[PDB]
Ligand SMILES: [Zn+2]
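In structure tokens form, the structure reads like this:
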């Protein structure tokens, strides 16, 4: 199989191209050179060629897609009862799909996708010419020939994938931009997007300059917004970048966007993947990487002194946290000359405030053992996909034999097969990871075995850095050492760092973020945003050796941290340039400074992530404390936000200047030179979690997120739905996300399915409206969670959508049956219900694979040759899970919402989670397979055949007439024959019916929820805030038991099951919130938990809709109750388990 | 007073421990610094787990 | 246990006994470079 | 009747401490002078 | 049975007197080297 990837997932490399142009003598070279024109472009200039691709206008008949999208959105809105905005939504979609430029981009995306599909996973290796507009593609092995008229560019399949992904991202960007503009106060801004596209595509500067511009677009936009809307602190961030010099047109366009709306500028400027990715200059990039891993900014002696200072502050913070959490000092030994205050504080077991500014006093305090190193990592970390190298002897397997032979003139002594696994999961299966304490024993001593001292650096894909950034894949032993050290740091010491502890407790985190949002606008809390660039290639052994020693003594693991603290100096580093291999002298790499480097001062990116965080927090606390300013360090990565509170003595400007100077000075004494462009101060803009915040209100990522095993239609649609759901969870409007997702879903269906299905508007609509809940492809339509935050039953919503479709459009019920094609399972499958309470017992035909759990489990049980796995799978976990599910399926008031709860706190749930981790590893599933190429072809054929069928599944007439609540309960009764109760949640739309009170009649006043607006709302109000209002499975089980007893649920059988669950463990005895702060609640309810929150969200969504539809509210509006049958009284009688439990227990897990 | 005269020995031990650890830090870094670019072996710096 | 706390002290010293020795070898072979 | 045989090692301990410090400065100043 | 325990400790201490002076010259002649 050739050309496996269907999307850009690897860095763009050229060394292969250069090797094939001049070197190499394989048969494919003759064919390749034959099909190269005189004007052969370089691979580094591939984007200069794909920009010229033009397709004939309106080649794909996508009008059916337009009509289907219109109908789908109309149906969704009508179901939601927001009939005053369907006009806006479907008009926007039609305009988006009818624009000339937008349609051209969409057609280009479709052509790219079809060309990719026709060649990926092809056993053939010389696919003939393929026409793409004026280009004539041609594939050879993993190389591509692209010709337009006379110029050609010998590429790699990765380059073509990058071009295809660029076209796809531009399609997404344009569609989302039009839809978003249709729903804003300020009109369509699509023209600016098109203008930016044309301007950037018109850039003819060299490779490096063009990609510098593209990289700088976003930070320069931040600087532009910042320099205009700072009130307290100054700003010069925009000055550093050279955009206004290199590309004046882009600068003028960006300034125009800023003038229009800063939020819009941050919106559009955030796109960074919709522009062709660079080709890493591997020679220079690797040379720079290796040099940066061996440079000494600071003298080692000064670094060691500062390391001692950092050790002092680390001791201070740890002791403070330990005291605050246990009201007693940890075991410490006081050195001679210790200060009297320290003695008194230790004796009294308290923490005097004076220490906060006197960390130096802790230089005489040594912390003794407080825990033991957990040299037994849990499966959550071992079972992963991070590629690893088995040992040194496998280094020869990361290069091409032909390239090595040509470059040096000598063969490569590659053994017949790799001596060991290629990934962590394979290592675990093979039994390597069963005596970890012995595996890490060399680290304890301090002499890592020579066989485990090699590191391979890998370039990072989809990064706009021509020089490139490398992350490191490392030997199995070093990888396990890292895992153990990271777990220990994150579990035993990091929670005790008082100042740093308040950045991981979500409660404190959320409270701090809310306070920052409330105070940023008032001009009393500005933020400093440091973004280290050399952080990864930073820390030297000297700086961290003292803290490494203190940790070693703290965990009683002799020299376990110091060994990795000084390891890089004894390690061999190589660059995976598959066609630029290093020389091999005696079976080992030879240092040359470009491809190989034996011994460096740091272990590179990824390694010691947490320790570096601790050190950074330490020196930041030092820098800020000495100037006596309140601070709230907030950050985890190389970019950190420092929140500084106003001081009554001096204005924010002087405070910011002093803080920045101190940070410069102290980062200077760490070998972490901090430059101007990496730090900026602002009182209007700040960033956290890769998510901007302008004047407190978040900047939606509509244009960015919506622009984001073997492949299959189901997998692609699921990824689309998940991305759109994440965007909706962000500050993106639910309507923007929903419309964009509908458009994208229709495009995706158009790419795959044959014309017969596509040109069937009614069928296409029905397909888009049949969600997975009733059995069908994932769709953005059927998603109640888009508009809500809590758990919600999707079934009533799906039935409501189908009912509305039937009532409104010309689709007949027989067609719905044809598409839905209901197929009740022959026998109950209790495990599926337990692991997903709100699902019907139906055959999920479109699912990529069903019952595969036993296949993976069975494959793991055999062909293992391990010990941990053997004890982990003594008897089939799937069979026991089914047993437990059946056991829990004997509650006379069968309430799956609790069956899932009970099943959750059992060892079998953890075992199924581990199996899920195993299958998630694409290596395990491929190992289980016993190719995938035919599997996809068969899969595509089956679905294409399935819906082309004209067979019926089950007469749905009785299930699409009444309340979706009652209908859903009837459906569950039918599909399990047990009158399932306790999980159906009504649909807010049918439960109520919004009414404006302008025309309200006395009949409507009897019962409803009223919404009182303080003043008339407007589009401006939608973006400005107002004023109106392990063993832990034992504690959760205990609180569940306390919950039951408090409610007086005391059942002998349930008690026995719960006690068994205990003894097997060992124990024995925000989108709309801004408007929400603009209205007032109403508790004047008669009947009606969490569901009420959904009603409130719907009520305020009505106002959002009427405002966004060019309307205004003059009087309070009510929410009458329309469907009475959608109301019920719940008693929750008891969990009468009936038949006695038979699960027993595992006792092997944990 | 049979134990107080012993605790001061322990503190004397712990004081030496820091002395040894500082020696190790310095010596370890000297050797590591000269080991860059050479095939110098990675000598152990701690006897063994008990 | 009055004698155990000193018993543990012994082997704690024994760790130093060779902890230097392994430093002695590395320092000694450092001379051979010069 | 046994404390008399332990006061003679602590007095020697101090004598062995002063040597340890007496060489501490010697070793440290050697690192800086490099 | 402490008397034997003391003596074994005492000899181990005597292993510190000669070992150090067996490396005092070694480490200090490094200064003579530089
Ligand atoms: Zn109803």
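Protein chains in written order, with the working numbering: chain Z, 118 to 1267; chain V, 3 to 52; chain F, 144 to 177; chain Y, 144 to 177; chain B, 144 to 177.
C-beta atoms are modelled at their ideal positions from N, C-alpha and C, and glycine is treated no differently.
Check, Outcome
"Nearest-angstrom Cα separation, counted from residue 824 of chain Z out to residue 388 of chain Z", "8 angstroms"
"Local Cβ density within 10 Å of residue 811 of chain Z, reported as buried at 16 or more and exposed below that", "buried"
"Best match in Z/923, Z/963, Z/928 for proximity to residue 939 of chain Z [C-alpha to C-alpha]", "Z/963"
"According to DSSP, residues forming a beta bridge with residue 804 of chain Z", "Z/809"
"Proximity of residue 985 of chain Z and residue 551 of chain Z at Cβ, strictly below 8 angstroms", "yes"
"Cut-off 6 angstroms between Cβ atoms - residues of its own chain near residue 648 of chain Z, not counting five sequence neighbours on either side", "756, 795"
"N- and C-terminal bounds of the beta strand (DSSP E) containing residue 799 of chain Z", "796-799"
"Cβ-heavy atom distance, residue 1243 of chain Z to ligand 1, below 7 angstroms", "yes"
"Segment limits, alpha helix (DSSP H) that includes residue 1035 of chain Z", "1024-1037"
"heavy atom of ligand 2 below 7 angstroms from residue 1101 of chain Z C-beta", "With respect to small molecules bound, the structure shown includes ligand 1 and not ligand 2."
"Segment limits, beta strand (DSSP E) that includes residue 573 of chain Z", "571-576"
"Cβ-Cβ distance between residue 969 of chain Z and residue 1046 of chain Z below 8 angstroms", "no"
"Closest by C-alpha distance to residue 145 of chain Z, when choosing among Z/258, Z/186, Z/869", "Z/258"
"Pick from Z/1146, Z/1178, Z/913 that is closest to residue 1199 of chain Z, judged by C-alpha positions", "Z/1146"
"Ligand 1 heavy atom lying under 7 angstroms from the CB of residue 1081 of chain Z", "yes"
"Any non-hydrogen atom of ligand 1 closer than 7 angstroms to residue 796 of chain Z Cβ", "no"
"Expected contact under 8 angstroms - CB spacing of residue 1235 of chain Z and residue 1127 of chain Z to nearest Å", "5 angstroms"
"Straight-line Cα distance separating residue 880 of chain Z from residue 932 of chain Z", "7 angstroms"
"Residue 836 of chain Z in three-state terms, based on DSSP", "helix"
"C-alpha distance - residue 267 of chain Z paired with residue 319 of chain Z, whole-angstrom precision", "20 angstroms"
"Contact test: residue 1078 of chain Z Cβ vs ligand 1 heavy atom, cutoff 7 angstroms", "no"
"Presumed contact (8 angstroms Cβ cut-off) between residue 479 of chain Z and residue 667 of chain Z, rounded CB distance", "Not quite, the Cβ-Cβ distance comes to about 11 angstroms (not below 8 angstroms), so this is no contact."
"C-beta neighbour in chain Z for residue 29 of chain V, strict 8 angstroms", "no"
"Proximity test, residue 1107 of chain Z beta-carbon vs ligand 1 heavy atom, cut-off 7 angstroms", "yes"
"Touching by the beta-carbon criterion (3+ pairs, under 8 angstroms), the segment 948-963 of chain Z and the segment 1009-1016 of chain Z", "yes"
"Assigned exposure category for residue 852 of chain Z - 16 Cβ within 10 Å defines buried", "buried"
"Chain-ordered chain F contacts of residue 166 of chain B [CB-CB under 7 angstroms]", "167"
"When Z/252, Z/813, Z/198, Z/784 are compared against residue 380 of chain Z, the one with the closest alpha-carbon", "Z/813"
"Below-8 angstroms beta-carbon distance, residue 47 of chain V vs any chain Y residue", "no"
"Residue(s) in a DSSP beta bridge with residue 592 of chain Z", "Z/506"
"Contact test: residue 1217 of chain Z Cβ vs ligand 1 heavy atom, cutoff 7 angstroms", "no"
"Endpoints, beta strand (DSSP E) assigned at residue 1234 of chain Z", "1234-1238"
"Contained alpha helix (DSSP H) runs [length at least 4] in the segment 164-199 of chain Z, N- to C-terminal order", "164-167, 180-197"
"Classification of residue 177 of chain F by the beta-carbon crowding that lies within 10 angstroms, buried from 16 upward", "exposed"
"Residue 860 of chain Z Cβ short of 7 angstroms to ligand 1 heavy atom set", "no"
"Residue 449 of chain Z - DSSP class collapsed to helix/strand/coil", "strand"
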